[PDB]
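Descriptive analysis of the structure
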Amino acid sequence: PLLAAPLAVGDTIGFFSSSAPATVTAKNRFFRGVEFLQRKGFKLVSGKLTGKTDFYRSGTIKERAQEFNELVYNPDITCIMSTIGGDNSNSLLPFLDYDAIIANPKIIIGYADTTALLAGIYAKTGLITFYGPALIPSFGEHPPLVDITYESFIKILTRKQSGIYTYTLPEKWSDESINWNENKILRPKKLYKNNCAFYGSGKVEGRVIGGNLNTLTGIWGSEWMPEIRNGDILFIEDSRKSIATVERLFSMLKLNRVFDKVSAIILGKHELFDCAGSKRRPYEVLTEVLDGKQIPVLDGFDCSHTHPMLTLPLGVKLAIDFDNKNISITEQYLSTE
Amino acid sequence: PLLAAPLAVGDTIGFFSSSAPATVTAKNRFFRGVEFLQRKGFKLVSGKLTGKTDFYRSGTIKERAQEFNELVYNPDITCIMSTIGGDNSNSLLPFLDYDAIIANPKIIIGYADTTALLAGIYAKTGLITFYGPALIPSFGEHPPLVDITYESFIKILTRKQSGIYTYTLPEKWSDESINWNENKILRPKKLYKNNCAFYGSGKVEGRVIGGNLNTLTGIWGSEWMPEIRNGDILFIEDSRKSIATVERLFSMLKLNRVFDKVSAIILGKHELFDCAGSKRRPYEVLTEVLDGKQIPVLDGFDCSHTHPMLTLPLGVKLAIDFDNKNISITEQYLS
Ligand SMILES: N[C@@H](CCC(=O)O)C(=O)NS(=O)(=O)OC[C@H]1O[C@@H](n2cnc3c(=O)[nH]cnc32)[C@H](O)[C@@H]1O
Ligand SMILES: N[C@@H](CCC(=O)O)C(=O)NS(=O)(=O)OC[C@H]1O[C@@H](n2cnc3c(=O)[nH]cnc32)[C@H](O)[C@@H]1O
């Protein structure tokens, strides 16, 4: 795979708004996230659509593609970070400068709707991109959870690329929709014990592919959807969906023969899942859809819309040890220097 | 293509609930639809999940597939009609009895989420199915709009298959969200003059393919999504979406090279579209996404979630005459 140079303290991070204009609509949280990273020593470059609005988005399709490309062209930038997702980053894909991305590999990071870009860039260039923090939702989060998000971000992106990396398990997590865009919290979020579950036995190792599942529907079938192959580990997460929608998306995967190929599935914790009174969780729905197909599942990985969020390279090998209840990166995912 | 026998007054219609359990949650409207069709002379057979609930759906994936299959096996049924959509009919696709459908073709009709079944059945069997009324939303509608829906349903499904069929244009329509499952009429729905527009010139003729666009995402990429081919007319409609979602779905089509293949696009009227204060309509968003590609578009065809609803065969040739502002079926679609 094509690898970006690693991050280091003091580096320059550029940020872009490929969909929702949250630098305007969540400006307090945006400023808190900016200050958070600056205090860590990072220099920030603001994408050209910062502070702009076109109703539901930051600008036209072409304006948004230009904003992103301009960060790729900047030789001082080590990391290109999404401000926030939305719905519309898939529109940009025909207009990204893939040749420039290949010539100037950088760490590209975000989540949610930005999956369309992470997956599309990988499909076109082979660059290992990252499912991880976006500036506003992730780094504008109030303590204590933001510190745990940051610890994973800095560990994954700055560590020496020698030997496997085994993920830590956050002690507590939350998905509450409070404390969004004001100076002070209303009240502390509920902190849940980590209820991640490992369904299966033994160890499965394979290339991880995926992201936000609902977002993948916007690139599915196209040259921008990475081909899923025998032995891959599928990583999928969704946010604020009804159980009805979750069944639909799992059945989409089934119809596409994905469950005939993959050797394991990672479900990210689902933010504020709506079970419609059934008390069912997503894993139970997946089990029905699987129709007897035995695939081991890591249910509740902390790489999703819940807080805190771990950073995950996409398109490299992971090993899930179902017996020891852990998950590791086993393939180099950044340049050694 | 594989063609079903035409409908006749007095035939038996069977109904099924492949997703939302609205025979329970919209029972008043359900009864209105049943009574409406019975008064027209039809006999109705209730699918086995009628009156059942499993929270957000009518039953398990397998039981829903069985409900549908049992209607296919019933020799008395000439039309299989959806009760209502939802989100989940794509789940049934591995379990439908496609061989039985081929062996005794019937009229299969519905819309919205049921697109997954209409499209999947066509992909597997070549059967010409119908984007059209579902029992509860369509035939449980109060007069006067229900009468216009019915007029199209009966015309399309009973007419002799000789010469082209040119659609009538409903004079007025509505998408107002009132008088759903209430027993009394607060008042008639607000009625709007028909604002359908023909963007283009000349005449375009090609096989129509599509349905509810959001629903197509649940079958996309699979063997159940019919291949879109050079010359097709793409028919798409959506309901109650944000402009953000509409842009995403149009861009999905673009990324899939759909706009390099199609000869025209039909946009169904979009029920209660949310433009996020932009004042933009779906056609304007499509125009941006097309990035200069000159595809003629019929914007606002009355085959969608708005009332009244026309009945449209899928998988046969239509001719859109942009100069004369009309649309016709030009290929035989019933036996
Ligand atoms: N959720 C996907 C869209 C795709 C999908 O959901 O299927 C997305 O792109 N989200 S996003 O724009 O990046 O938002 C990221 C996070 O930001 C959170 N968020 C956004 N606005 C608000 C808010 O007003 N209050 C609380 N939380 C908010 C939201 O709960 C989500 O977890
Ligand atoms: N909307 C698609 C799903 C595809 C999608 O929208 O992404 C669908 O399957 N719809 S449906 O379950 O068949 O609903 C059909 C119609 O039923 C109407 N409806 C349902 N419940 C209500 C209600 O409570 N009030 C008013 N109208 C309602 C609504 O206007 C919609 O047009």
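Parameters at a glance
- Residues numbered from 1 in each chain as written, not as in the entry; some residues may be left out.
- Chains lettered and ligands numbered in written order.
- Heavy atoms only, no water.
- Residues with missing side-chain atoms left out of burial classes, pairs and counts.
- Helix = DSSP H or I, 4+ residues; strand = E, 2+ residues; numbered from the N terminus.
- Rg over C-alpha atoms; globule rule 2.2 N^0.38 Å.
- Contact = heavy atoms within 4.5 Å.
- Near = heavy atom within 4 Å.
- Polar contact = N/O pair within 3.5 Å; in protein donor to acceptor, adjacent residues only side chain to side chain.
- Areas by Shrake-Rupley, 256 points an atom, 1.4 Å probe, with all protein chains shown as cover.
- Domains from an automatic or database assignment.
- UniProt positions renumbered as here; feature names shortened; annotations may be inferred.
- Axes fitted to C-alpha atoms, helices over the stretch in contact; angles between N-to-C directions.
- Parallel < 35°, antiparallel > 145°, perpendicular 65-115°, else oblique.
- Left-handed = near helix turned anticlockwise from the far one by under 90°.
- Nonpolar A, V, L, I, M, F, W, Y, C, P; charged D, E, K, R; others polar.
- Pairing = 2+ DSSP bridges.
- Buried area = accessible area lost by both parts, 1.4 Å probe.
- Salt bridge = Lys/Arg side-chain N within 4 Å of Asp/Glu carboxyl O.
- Buried < 20%, exposed > 50% of the residue type's maximum accessible area, 1.4 Å probe, protein only.

Its PDB header attributes the entry to X-ray crystallography and lists the resolution as 1.200 Å.

As recorded by the PDB entry, chain B carries the name MccF and is attributed to Escherichia coli.

Within the PDB entry, the label attached to chain A reads MccF, and the organism entered is Escherichia coli.

1. Comments concerning the overall build of chain B
Helix and strand content of chain B: 10 helices and 16 strands. In summary, chain B has a C-alpha radius of gyration of 19 Å against a globular reference of 20 Å for 335 residues, a match within 12%. A principal-axis box enclosing the C-alpha atoms of chain B has dimensions of 50 × 45 × 40 Å. Taking as baseline every contact in chain B between residues at least 6 positions apart, the subset at least 24 positions apart corresponds to 78%.

2. Concerning the site of ligand 1
Residues and elements named next belong to chain A. Around ligand 1 sit 17 residues, and of these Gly-85, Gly-86, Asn-214, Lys-241 and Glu-271 come closest. Between an oxygen atom of ligand 1 and a main-chain N or O atom of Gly-85, the distance comes to 2.9 Å. In the model, an oxygen atom of ligand 1 is placed 2.9 Å from a nitrogen or oxygen of the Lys-241 side chain. Burial of ligand 1 by the protein amounts to 76% of the accessible area it has alone, namely 650 Å². Domain assignment of the residues forming the shell around ligand 1 places at least three in each of domain 1 (1-164) and domain 2 (165-337).

3. Examining the UniProt feature "domain: LD-carboxypeptidase N-terminal" (unreviewed entry) in chain B
In the numbering used here, UniProt assigns the "domain: LD-carboxypeptidase N-terminal" (unreviewed entry) feature to residues 13-132 of chain B. Across residues 13-132 of chain B one finds 39% helix and 18% strand; the C-alpha atoms that close the span lie 14 Å apart.

4. Some words on the packing of helix 9 (residues 243-255) of chain B against helix 10 (residues 282-290) of chain B
All names here are of chain B. Packing of helix 9 against helix 10 brings their axes to within 10 Å, and their N-to-C directions diverge by 40 degrees. Looking at the two axes, helix 9 sits oblique to helix 10. The two elements helix 9 and helix 10 cross, and the hand of that crossing is right-handed. Across the interface between the two elements, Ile-243, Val-246, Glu-247, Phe-250, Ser-251 and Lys-254 from helix 9 touch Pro-282, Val-285, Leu-286, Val-289 and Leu-290 from helix 10. Grouping the amino acids of the contact of helix 9 with helix 10 by side-chain chemistry returns eight nonpolar, one polar and two charged.

5. A word on the sheet that holds strand 11 (residues 233-237) of chain B
The pairing of strands in a sheet comes from backbone hydrogen bonds and takes either a parallel or an antiparallel form. Residues and elements named next belong to chain B. Taken in spatial order, the eight strands make up an open sheet running 6-16-15-10-11-12-13-9, and their pairing is mixed. Both edges of this open sheet fall to strand 6 (165-166) and strand 9 (197-199), since each of them pairs with a single strand only. Examined bridge by bridge, strand 12 (residues 264-268) and strand 13 (residues 297-301) share four bridges and lie parallel to one another. Each bridged residue has a counterpart across the sheet, and for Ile-265 the counterpart in strand 13 is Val-297.

6. With respect to the interface of chain A and chain B
At the interface, 43 residues of chain A touch 43 residues of chain B. Across the interface of chain A and chain B, roughly 3700 Å² is buried in total on both sides, 48% from carbon and sulfur atoms. Interface area lost by chain A to chain B is led by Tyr-56, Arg-248 and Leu-255 of chain A, which between them contribute 21%. Taken together, the connections running from chain A to chain B amount to 12 salt bridges. Linking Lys-62 of chain B and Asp-291 of chain A is a salt bridge whose minimum nitrogen-to-oxygen distance equals 2.6 Å. Where chain A packs against chain B, one counts 31 residue pairs in polar contact. Listing elements by their share of the side of chain A that touches chain B, those giving two or more residues are helix 3 (61-72), helix 8 (213-216), helix 9 (243-255) and helix 11 (282-290) of chain A. By residue number, the principal contributor to the side of chain A that touches chain B is helix 9 of chain A, which donates nine residues. Partitioning the side of chain A that touches chain B into residue classes produces 15 nonpolar, 15 polar and 13 charged.

7. What about the domain arrangement of chain B?
All names here are of chain B. Domains assigned within chain B are domain 1 (1-164) and domain 2 (165-335). Put simply, the middle of domain 1 and the middle of domain 2, counted by C-alpha atoms, are 21 Å apart. Between domain 1 and domain 2, the residue contacts involve 52 residues of the former and 48 residues of the latter. Between domain 1 and domain 2 the total buried area reaches about 4200 Å² when both faces are included, carbon and sulfur atoms providing 64% of it. When residues of domain 1 are sorted by the area they lose upon contact with domain 2, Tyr-131, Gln-161 and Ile-164 head the list and together hold 17% of the total. Counting across the interface, domain 1 meets domain 2 through two salt bridges. Among the salt bridges present, the one from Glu-141 reaches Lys-189, with a minimum N-O distance of 2.9 Å. For the pair domain 1 and domain 2, the number of links is 25 residue pairs in polar contact. The set of elements that each furnish at least two residues to the side of domain 1 that touches domain 2 consists of helix 2 (27-39), strand 4 (107-110), helix 5 (115-125), strand 5 (129-131), helix 6 (135-139) and helix 7 (145-158). A per-class count over the side of domain 1 that touches domain 2 returns 31 nonpolar, 13 polar and eight charged.

8. Considering the UniProt feature "domain: LD-carboxypeptidase C-terminal" (unreviewed entry) in chain B
Following the UniProt record, the feature "domain: LD-carboxypeptidase C-terminal" (unreviewed entry) maps to residues 205-319 of chain B here. In this annotation, residues 205-319 of chain B is assigned 23% helix and 25% strand; the end-to-end C-alpha distance for the span is 4 Å.

9. Points about the site of ligand 2
Residue and element names in this part refer to chain B. Around ligand 2, a shell composed of 16 residues is seen, among which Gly-86, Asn-214, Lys-241, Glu-271 and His-305 lie nearest. One of the backbone N or O atoms of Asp-113 is found 3.0 Å from an oxygen atom in ligand 2. In the environment of ligand 2, a nitrogen atom lies 3.2 Å from a nitrogen or oxygen atom belonging to the side chain of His-305. When the free accessible area of ligand 2 is taken as 650 Å², the share hidden by the protein chains comes to 74%. Here the shell around ligand 2 spans two domains, and each of domain 1 (1-164) and domain 2 (165-335) adds at least three residues to it.

10. As for the pairing of strand 16 (residues 326-329) of chain A
Residue and element names in this part refer to chain A. Note: strand 6 (residues 165-166) against strand 16, two bridges, orientation antiparallel. Looking across to strand 16, one finds that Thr-166 is bridged to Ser-328. Counting the residues between successive antiparallel strands, the hairpin from strand 15 (residues 317-321) to strand 16 contains four residues, one of them, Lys-325, with a positive phi of roughly 55 degrees.

11. Notes on the pattern of salt bridges
As a working rule, side chains carrying opposite charge can pair if their charged atoms are close by. All names here are of chain B. Per the counting criterion, the structure on display carries 33 salt bridges over all chains. Among the ionic pairs, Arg-207 bridges to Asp-232, the shortest N-O distance being 2.8 Å. Of this pair, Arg-207 sits in strand 10 (residues 203-212) while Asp-232 is found in the loop between helix 8 (213-216) and strand 11, placing the two residues 25 residues apart along the sequence. Assigned by exposure class, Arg-207 and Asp-232 land together as buried.

12. Some thoughts on unusual backbone geometry
Cis geometry marks the peptide bond from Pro-143 of chain A to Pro-144 of chain A, where omega comes out at 10 degrees. As for its position among the elements, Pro-144 of chain A is in the loop between helix 6 (135-139) and helix 7 (145-158). Omega for the bond connecting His-307 of chain A with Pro-308 of chain A falls within 30 degrees of zero, at 0 degrees, which places this linkage in the cis form. Along the polypeptide, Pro-308 of chain A turns up in the loop between strand 13 (297-301) and strand 14 (312-313). Positive phi outside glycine occurs at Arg-257 of chain A, with the angle close to 65 degrees. Structurally, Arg-257 of chain A can be placed in the loop between helix 9 and helix 10 (258-261). Taking the relative accessible area as the measure of exposure, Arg-257 of chain A reaches 45% and is therefore partly exposed. Of note in the backbone geometry, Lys-325 of chain B takes a positive phi value of approximately 55 degrees without being a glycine. Considering the arrangement of structural elements, one finds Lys-325 of chain B in the loop between strand 15 (317-321) and strand 16 (326-329).

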